[PDB]
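Undergrad: One structure follows; several queries about it will come next.
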Amino acid sequence: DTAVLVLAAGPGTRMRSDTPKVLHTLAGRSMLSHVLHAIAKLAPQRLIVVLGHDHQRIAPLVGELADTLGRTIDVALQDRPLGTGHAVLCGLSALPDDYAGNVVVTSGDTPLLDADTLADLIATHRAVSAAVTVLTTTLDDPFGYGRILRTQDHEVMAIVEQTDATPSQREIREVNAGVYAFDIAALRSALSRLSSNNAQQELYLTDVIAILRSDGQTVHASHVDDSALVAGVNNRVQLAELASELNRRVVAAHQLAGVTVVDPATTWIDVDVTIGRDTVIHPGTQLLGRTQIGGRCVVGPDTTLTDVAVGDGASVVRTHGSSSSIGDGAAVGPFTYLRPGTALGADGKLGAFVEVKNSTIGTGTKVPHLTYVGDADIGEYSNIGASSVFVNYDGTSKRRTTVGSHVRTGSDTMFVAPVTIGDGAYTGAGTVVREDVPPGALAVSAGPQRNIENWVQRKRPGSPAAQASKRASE
Amino acid sequence: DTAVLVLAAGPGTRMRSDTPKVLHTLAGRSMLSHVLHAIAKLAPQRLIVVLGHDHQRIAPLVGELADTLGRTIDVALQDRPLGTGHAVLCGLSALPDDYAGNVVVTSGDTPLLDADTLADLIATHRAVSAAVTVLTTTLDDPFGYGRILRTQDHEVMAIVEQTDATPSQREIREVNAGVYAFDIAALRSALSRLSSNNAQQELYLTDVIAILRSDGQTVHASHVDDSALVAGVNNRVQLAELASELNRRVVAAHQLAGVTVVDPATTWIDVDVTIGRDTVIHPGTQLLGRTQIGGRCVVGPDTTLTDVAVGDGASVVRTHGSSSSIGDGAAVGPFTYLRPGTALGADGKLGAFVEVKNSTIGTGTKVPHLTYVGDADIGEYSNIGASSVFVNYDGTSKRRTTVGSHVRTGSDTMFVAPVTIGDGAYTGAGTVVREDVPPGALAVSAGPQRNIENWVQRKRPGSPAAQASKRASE
Amino acid sequence: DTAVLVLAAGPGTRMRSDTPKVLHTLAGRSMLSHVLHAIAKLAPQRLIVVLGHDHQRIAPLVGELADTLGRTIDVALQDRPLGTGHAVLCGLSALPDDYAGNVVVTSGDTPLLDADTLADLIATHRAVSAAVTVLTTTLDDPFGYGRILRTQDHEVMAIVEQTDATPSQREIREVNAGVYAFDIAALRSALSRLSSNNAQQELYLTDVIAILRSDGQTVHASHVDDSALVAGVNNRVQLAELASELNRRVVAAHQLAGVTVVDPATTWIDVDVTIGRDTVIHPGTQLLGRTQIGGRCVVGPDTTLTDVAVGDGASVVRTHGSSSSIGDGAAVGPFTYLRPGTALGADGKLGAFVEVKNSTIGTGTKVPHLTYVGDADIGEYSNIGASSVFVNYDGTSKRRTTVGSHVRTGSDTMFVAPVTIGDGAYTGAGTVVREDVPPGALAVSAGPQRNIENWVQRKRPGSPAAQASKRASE
Ligand SMILES: CC(=O)SCCNC(=O)CCNC(=O)[C@H](O)C(C)(C)COP(=O)(O)OP(=O)(O)OC[C@H]1O[C@@H](n2cnc3c(N)ncnc32)[C@H](O)[C@@H]1OP(=O)(O)O
Ligand SMILES: CC(=O)SCCNC(=O)CCNC(=O)[C@H](O)C(C)(C)COP(=O)(O)OP(=O)(O)OC[C@H]1O[C@@H](n2cnc3c(N)ncnc32)[C@H](O)[C@@H]1OP(=O)(O)O
Ligand SMILES: CC(=O)SCCNC(=O)CCNC(=O)[C@H](O)C(C)(C)COP(=O)(O)OP(=O)(O)OC[C@H]1O[C@@H](n2cnc3c(N)ncnc32)[C@H](O)[C@@H]1OP(=O)(O)O
Ligand SMILES: CC(=O)N[C@H]1[C@@H](OP(=O)(O)OP(=O)(O)OC[C@H]2O[C@@H](n3ccc(=O)[nH]c3=O)[C@H](O)[C@@H]2O)O[C@H](CO)[C@@H](O)[C@@H]1O
Ligand SMILES: CC(=O)N[C@H]1[C@@H](OP(=O)(O)OP(=O)(O)OC[C@H]2O[C@@H](n3ccc(=O)[nH]c3=O)[C@H](O)[C@@H]2O)O[C@H](CO)[C@@H](O)[C@@H]1O
Ligand SMILES: CC(=O)N[C@H]1[C@@H](OP(=O)(O)OP(=O)(O)OC[C@H]2O[C@@H](n3ccc(=O)[nH]c3=O)[C@H](O)[C@@H]2O)O[C@H](CO)[C@@H](O)[C@@H]1O
Ligand SMILES: [Mg+2]
Ligand SMILES: [Mg+2]
Ligand SMILES: [Mg+2]
Ligand SMILES: [Mg+2]
């Protein structure tokens, strides 16, 4: 049995944000959410998040994740950020006084941390009967991290913080990941002996290592080769680095599963996105939220999709869209804007400079150019001519349009809702449609063409046009 | 004299694709095509591709390349993938039984392999009178590759496959490139002695090394410092890595020749693309197929061009286009879509939200905004007003429009083909042009403006508009 | 007291450009301009730029920077590029013959060089009373650079040029940065003894080191750990590398100050750009020139902004724009084109496929779709319907439109300037507005809808439309 505590009550100063650190996102999830998904996979008996003065903005997101993960997540409050050691005391207060399981401590800012690394930590801690096992790694740039002090035999003696380390300790490149397993009694005991006598003037959880070494307890440091899994995030440079690294891993997983990603460095794929076999994702693409792509699709470059379902064989190129679905075999783009509530049927087409909002568009139906579709239902195998608008707003209110199947509407038609265009109807180029159109009818409104001869010589003489026109007489 | 065999009959399982591995593209060519271009530059006497159960989809592409490279390329069939050693036996069957030239073996999945490396391999093999010379390299991550076994004197003893290697052999970082020169007799002899007694249960070409060492033949391994040249591709992660590396080399070549590429990491340049001196390519650009850019052009960011010819001094910004040509000094973009058959004359302009298909557009002519040009011929120094459409499709059929020179067509004109607009003609804003327009004439159709006074107070009271309008009385 | 000489008179052959090297830009400044900003921060007494045969195109930019930096910058002419040693003699000619301050020499192609490194160089040179102090660094790839010759005690003996170096000297990885401090007398003396007897056949400034060592003068080489600060640019590959590295540093500075940059590798930020706290910049974005972004903005991906001011809380997504301003809380994009002279008020909206030029657009006013706004003034809380055009050009001349406040103009309105639309006015869908519209009036022009029944059966039989329409009878 084990309790996991997640310390998330620090002020996050180096982020320089009014958004609490923990809540900063990479790959579709907040760091906190990443940390909690990871721990919930491990299924510990207790899971406690220690929150600080902004608990009121985080505690509710904690409940949301508790509900998603199908479990109970407690919140402990740390009313002043007196240090990671103090934070752990707060977290302990949320366990029974006689709790006898192991205590794993982790941070809310170690977003790649994964259930396997935590299970390994707990297994190791048990195998060697440690009073404390700490995870460590070794980095080229160790700046900011606690340094792991070891004798030549590899026994850990202490951890020393960046701010308290001599120039010589600072050369150490093995660092504290801030991820620990503890025997509960040993932890409580050593926490009670902590002193704020140090540079930052805090109660350091890291002191517990040297304390327990002194007591003659067993102290184990377990080295994590894959540094990324235990990398922290204290500022926005580190956040983009880990987002980038997490993204590489997500992209590689999709590649090994049969998805061709032309340029992984510029293809951002959120963690819940699924993509079918043999799809091709061109550079500059973001697939966000719960986006789902079928198999054999082309995801045209420079495409951003958030919560969009794309069926098999579809093509989605230079498109910006969200909360929409794109049927099998449909063609979308280039330069297309899908707003929430777009439903494009199989083999449909939304072409260049087309914007769709809250509209359903039947099988086989094409909106190829320069057109706005708002609040409409359009049937099957219909064609909406270029440069048209579904006028869904009269000033003051929202109005609906219904277009039948096999319709051909002429270029530059304005559908002034509410209006219904019957099956097989046509609308001439340049029509303002204010009344219903019966099935099979032609609707027109433009007046007759009138050619005014010699207008150019008479109203624009001797413009380049008047001269060209005079040459044409000959 | 030398015969080159290219083994391309394996199943490509780790690609997880219904597209045969060899046929996967980087930089405008299939890997197979890359491998064959490289070999054909070397001009060997015989060149044989060993194909497997999907030979019917590859053999024809082989003929295409034979025809392009001006040479004969034979195909040998391997009806079951029994191993690289077995594959080479298949390839040999396509040589005369008394062939006495050297045999070079290579894979169809080593797409950076180049004629210089192959010529070096053949020269070395000859200089040392080896029975077999194998190319090797050394990598940070040797996973998947055969390991090169050498005594402390650097003599090669054997090659051992990833799957058959002890944990200790796996530490070796010098790997088999899968690129060999053989004395024909030595090869035939050693191939006949191969055994399927190993992890993968195949006839390994790699065993030939240890076999010939045992026979007391001369065995040479030649180390290739530039690893990329001999890197293989077994899955889509490795394919994107080599595409990325190949792309860096193509971009650097254009840079050293006088082309400023703002961000090489995001500029994808196919191998046949040519670009003139002092052009600037902004980030996010792909130049594909047989695209040709003149000198002093600007290739606006986020541009994708496939088979597009761009003359000197042109500007092509945020544009998506294919099979089109863009004259000297023309301006295209931002947000412009060129479909096949676009011909934009010198100093022409295709502006924002303009889409052109199958149209010729004369010198000096401008289509600046929000417009669709389909199946049209437009003369010189003409201006097409904003928000216009060449209505090229009547329902049921494709129709053509001809526009003269020095024309000025008004905004929101619909050209309902087939129609001809004479030289120097104008068309008022809002015109639906259904009849020919004589040179120098003004064509109009919109009815007269009618101002209905007090409509807002009476039909939208006291909307914000009614209130504003009531304030304006005062 | 110290004089800084900047050698910028070489021919820049390896750039293969008709644009003089020095004038090639990264991050919004020419390399020369970068070098001069850096030196002017140091505030030396004299600053002299040595120019060559293209002095006439550079000398004026030098005056511009002199004027911006609030100082005097002299130009010395080198009429033939006889070598860096000869160049320095030219530069000296612009100092009094009795000048007694230190001479710092630097290149015009070391664009990351910074005032701190130069101050350190001068302090070191003084601390050790050197006759010459040279800056050096150590690189993985030392190709092209002079090699630093040192005895085992670390005393510098000489510098040897790439072209004159034995294969063994070429293994040296410590290189000359081309950045020197000199005692003036020692420099003049050693320059007079230079010989053109070497591969390139030039007067090498680098020979001065071995000369002064021989004289028994003190010679100091000061090692710069951060190589980038002293990296040179001789060709366009090196220029993109340093632009990339400079960009990383600019982006990291904004990140540490509170700006979330999703993908630093694809976010290009010029050196004068400022960005407020908690803004988010999505991938593919360039912020150029004097662009200024407020706090809490979203800079939608694929956005390019040059000299654009964006207020707080604004959103700017998939937008291409320049010389424009975007008010607090405004929404711009996706797919929007801002031309010079755009002023979008607070809470304004410019939506998808909208292009604006030289127009002022009041608080709260919305141009949501498919529309061109040219040469217009539009008041507050107005709405411009979809697919509209401000027709600002009559053929021959530029015309202005004024639109009041709280106006609602219908879709597909053409504003044929000059025209004024009064407060609270409406314009029906499909209107060509040629006359002024009074406050509160409705302007229309389209003719009445006419439904021609059975047109489809009679003019398109038995098209799919005729069949659908016949089915609808039942
Ligand atoms: C998206 C693209 O880029 S192309 C795709 C979608 N399409 C289009 O714009 C197709 C547009 N085509 C048109 O508007 C055409 O003029 C068509 C199909 C309606 C005209 O068909 P037509 O049969 O050739 O001539 P027709 O004589 O039958 O039409 C009869 C009546 O309507 C009129 N009329 C025809 N088109 C229009 C129009 N666009 N506006 C106003 N009136 C019109 C006539 O003037 C005629 O009336 P009348 O009997 O007073 O003369
Ligand atoms: C792309 C851009 O953003 S701008 C570029 C391209 N251009 C345009 O849209 C320019 C548009 N301009 C127009 O339509 C203008 O009204 C112009 C140039 C035709 C009007 O010119 P005008 O000479 O000022 O007035 P004019 O009195 O001569 O025209 C005469 C006839 O056609 C009419 N007419 C003029 N413009 C139109 C029109 N757009 N629609 C219908 N009828 C019109 C009159 O009502 C007049 O007929 P009448 O004699 O019954 O009165
Ligand atoms: C941007 C978007 O996607 S939506 C946003 C901006 N908006 C729009 O396009 C809103 C467009 N709406 C329209 O054009 C509408 O027809 C409205 C609001 C003007 C019509 O309002 P209405 O009050 O319903 O009918 P109404 O009877 O009052 O208008 C009266 C007169 O003008 C006419 N008329 C109305 N709209 C138009 C029009 N678009 N073109 C020509 N004439 C028109 C009538 O035919 C009537 O004249 P009459 O008295 O001969 O019959
Ligand atoms: C003294 C200490 O522990 N330092 C460790 C901490 O450094 P680091 O400087 O990263 O410590 P932080 O400031 O990030 O705080 C640790 C975490 O605990 C929480 N918190 C912090 C302070 C507090 O008073 N209350 C509270 O709840 C914060 O949410 C934070 O996420 O993690 C590093 C790895 O990431 C380790 O190398 C360091 O050894
Ligand atoms: C046993 C063997 O040779 N392994 C080599 C092979 O590994 P690797 O595991 O890459 O070998 P592959 O599975 O790629 O097969 C080699 C190539 O030969 C062809 N093929 C393969 C099997 C077959 O039965 N018939 C056939 O024609 C395939 O098209 C393939 O392209 O290349 C590596 C470098 O890339 C080398 O380091 C390995 O030493
Ligand atoms: C002989 C010499 O000095 N070589 C140095 C030079 O190499 P490198 O080959 O880069 O020297 P360059 O050709 O760049 O010339 C140096 C600079 O001086 C100016 N110039 C050059 C030649 C001339 O006749 N007149 C003139 O004014 C040029 O503007 C140029 O910017 O810089 C390198 C670092 O960047 C150093 O490692 C080399 O030791
Ligand atoms: Mg931290
Ligand atoms: Mg009309
Ligand atoms: Mg392989
Ligand atoms: Mg240089």
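Cβ atoms come from the backbone with ideal geometry, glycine included; neighbour counts cover every protein chain shown. Values in this text are rule-based calculations from the coordinates and carry no lab data.
Undergrad: What number comes out for the charge environment of B:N235, summing +1 per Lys or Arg and -1 per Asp or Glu over other residues with Cβ under 9 Å away?
TA: Local net charge: +3.
Undergrad: Here's another thing I want to ask about it. Rank these for me by crowding, B:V224, C:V128, A:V262, going from fewest to most other beta carbons within 10 Å.
TA: C:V128, B:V224, A:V262
Undergrad: Let me ask something additional. 5 Å is the cut-off here: which amide hydrogens, built 1.01 Å from N in the peptide plane, fall below it relative to C:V310, excluding neighbours closer than 5 in sequence?
TA: Counting only residues 5 or more places away or on other chains, the set is C:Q292, C:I293, C:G294, C:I326.
Undergrad: A further question on this structure: Rounding to the nearest 20 debye, state how big the charge dipole of chain A is about its Cα centre with +1 on each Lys and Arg Cβ and -1 on each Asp and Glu Cβ.
TA: Details: 39 positive and 49 negative charges, 425 e Å.
My answer is approximately 2040 debye.
Undergrad: Specify the angular offset, from 0 to 90 degrees and rounded to the nearest 10, of the alpha carbon long axis of helix B:55-69 from the longest principal axis of the alpha carbons in chain B.
TA: Tilt relative to chain B: about 80 degrees.
Undergrad: Which value, in Å³ per residue, describes the convex hull spanned by the Cα atoms of chain C?
TA: 231
Undergrad: Then there's this: Within region B:88-191, report the trypsin sites (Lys or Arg not before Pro) that DSSP leaves as loop and that have at most 16 other Cβ atoms within 10 Å.
TA: Passing sites in region B:88-191 are B:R173.
Undergrad: Okay, next question. Expressed as a whole number of Å, what is the distance separating the alpha-carbon centroids of region A:291-319 and region C:184-250?
TA: 53
Undergrad: Can you compute the modelled spin-label distance between A:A199 and C:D116, with each label point 7 Å from Cα toward Cβ, in nm?
TA: 1.8
Undergrad: Grab the eigenvalues of the alpha-carbon gyration tensor for region B:1-258, scale each by 5, take roots, and send me the semi-axes largest first in whole angstrom.
TA: 26, 22, 19
Undergrad: Related question: At 222 nm, what value in deg cm²/dmol follows for chain A if DSSP H runs of at least 4 each add -39500 (n - 2.57) and the sum is divided by all its residues, to the nearest 500?
TA: -6500 deg cm²/dmol
Undergrad: While we're on this one: How far is C:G289 from itself in the other copies, in nm, if each label sits 7 Å out from Cα along the Cα-Cβ line, shortest first?
TA: 3.4, 3.4
Undergrad: Next up: Cross-link candidates for A:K459: which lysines have Cα within less than 24 Å, leaving aside residues fewer than 8 places away along the same chain?
TA: List returned: A:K470, B:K366, C:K398.
Undergrad: Then there's this: Enter the angle in degrees (range 0 to 90, nearest 10) between the Cα long axis of helix C:31-42 and the first principal axis of the Cα atoms of chain C, meaning the one along which they spread out most.
TA: The two axes meet at around 70 degrees.
Undergrad: Let me ask something else. Quick one, can you get me the convex hull of the C-alpha atoms of region B:365-437 expressed as volume per residue in Å³? The partial results should precede the final answer.
TA: Numbers: hull volume 4.7 nm³, N = 73.
Spread over its residues, the Cα hull of region B:365-437 gives 65 Å³ apiece.
Undergrad: Sort C:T19, A:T84 so the one with the fewest other Cβ atoms within 10 Å of its own Cβ comes first.
TA: C:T19, A:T84
Undergrad: In addition: Relative to the other copies, what are the label-point distances for B:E435, with labels 7 Å from Cα along the C-beta vector, expressed in nm at one decimal and sorted shortest first?
TA: Spacings between copies for this position, smallest first, are 2.6, 2.6 nm.
Undergrad: FRET efficiency for B:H154 and A:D225, Cβ-Cβ distance as r, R0 = 22 Å, nearest 0.05?
TA: 0.10
Undergrad: Related question: What gaps in nm, shortest first, separate B:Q162 from its twins in the other copies when you place the label 7 Å past Cα toward the beta carbon?
TA: Ordered by distance, the counterparts are at 3.8, 3.8 nm.
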